[PDB]
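Encoded as structure tokens, the following chain is the form deposited without its partner chain, with no partner shown.
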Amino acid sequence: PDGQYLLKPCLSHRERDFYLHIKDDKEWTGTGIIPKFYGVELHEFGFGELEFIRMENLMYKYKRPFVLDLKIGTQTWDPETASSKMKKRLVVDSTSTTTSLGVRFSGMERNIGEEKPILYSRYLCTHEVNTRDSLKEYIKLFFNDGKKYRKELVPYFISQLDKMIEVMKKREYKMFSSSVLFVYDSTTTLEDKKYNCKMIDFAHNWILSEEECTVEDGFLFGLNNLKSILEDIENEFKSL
């Protein structure tokens, strides 16, 4: 995460279709809930051209990145998932907080000045981060910049989740294996606004006005659960 942009290759139609579909909905593009979308672009690849999505790099100019990926939904497979992945998906969904909370730990990075950064594997989700309490603890740890808890940032994160909930309440799309990405630069001040919370990874988004998706995503359920964990954190951080 060095430069201004992420140029993400389109390996299927779904992500690019989604971004294109919502590119004029100000509820998607004006609310600050997804990365700024610049456009789909062809770039030379192979004998021809490969399509990419150009979007903002949410960590552009971050000095000490803090990154937390939280995968949202009550399942992480959809009607197109390959049978050869399904046993694993079913097991991970059930042994992580996915089926119980609709949200799971997906990985974290903290840069506390002794770099290299401290990396926290997404595989922790089925053991160390397999309960609501342990998930709460790990989010609190994300807010630990190495010297203190950044309690002043939490209202921003809850406010972002509220906007997400507001739009997803409308149930126009289903989204599987998408995440909410939490980031901040620990050298930020509140005024520098080097912190962010966005929905990402729309490679399995279904546009319900153009196609049927029978299975439920539990997306809204997950966002509410995550919001309530943050609100607990906001309380736990008061005694500090």
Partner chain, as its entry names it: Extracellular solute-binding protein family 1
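Residue numbers count along the first chain shown, from 1. Superpose the two forms; the largest set of C-alphas matching within 1.5 Å is the rigid core.
The next section is about a form of this same protein that is not shown, the form solved in complex with its partner chain.
Of the candidate stretches 47-55, 30-38, 167-175, 199-207, only 47-55 has residues whose heavy atoms lie within 4.5 Å of its partner chain in the deposited bound form. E236 falls outside the set of residues with a heavy atom inside 4.5 Å of its partner chain in the deposited bound form. Not displayed here, its partner chain is kept clear of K193 by more than 4.5 Å at the level of heavy atoms in the deposited bound form.
Shown without its partner, the chain has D2, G3, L7 in segment 2-24 as residues with a non-hydrogen atom within 4.5 angstroms of its partner chain in the deposited bound form. Annotation: Cα of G30 displaced by less than 2 Å between this form and the one not shown, core superposition.
Comparing the forms between this form and the one not shown, the C-alpha position of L50 differs by 2 angstroms or more, with the core used for superposition.
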